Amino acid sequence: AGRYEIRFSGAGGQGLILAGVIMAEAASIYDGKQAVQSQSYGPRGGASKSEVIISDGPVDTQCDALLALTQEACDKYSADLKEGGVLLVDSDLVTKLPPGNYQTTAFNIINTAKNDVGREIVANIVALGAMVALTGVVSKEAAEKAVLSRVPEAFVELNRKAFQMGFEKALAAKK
């Protein structure tokens, strides 16, 4: 057993809460684990984050993985990421990489969503596919079911595509 913590950080309107929520429900509803999802407020602009903690057991410090969609998020949040932890950033926007030893993967998350899928707002779904690929914390099936259950029927193809592409590109971009 053991708790595993992921943080999704970036900017306010990026859908970080939803990503957190999707990850939590992938683990518990679908993968049979326990999970807690949450976000703190207290000055609410600047770089922001939502958190998820998953465990084979009860899930009531340093995080194991971190998404940063903005330089600001990366600057603000990387210090918490444990050494050798998963660091996923957007490569267009996070151009200055942090000091520290991290399993670092970088790709055009936002632009994948915007240009490949053709729907910028689902960049968080791209990142979620990427985060699932890199951490292996939940099955691809669990995450896919969780993603698609939080999406409108009319946009269901685009989100599947975003998720798959995030998944694919993270695998190919990593060291």
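The first residue of the sequence shown is number 1, and the count goes up from there.
In this entry, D60 and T61 are separated by 4 to 9 residues of the deposited sequence that lack coordinates.
According to the record, the deposited sequence contains 1 to 3 residues between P43 and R44 that were left without coordinates. Averaged over their C-alpha atoms, the temperature factors of 130-138 and 49-57 are higher for 49-57.
For the segment pair 61-69 and 144-152, the entry gives 61-69 the higher mean B-factor, averaged over Cα atoms. By the numbers in the PDB entry, the CA B factor is greatest at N115 among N124, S28, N115, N108.
Among the modelled residues of the chain, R7 sits in the lowest third by CA temperature factor in this PDB entry.
When the modelled residues of the chain are ordered by C-alpha B-factor, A170 sits in the lowest third.
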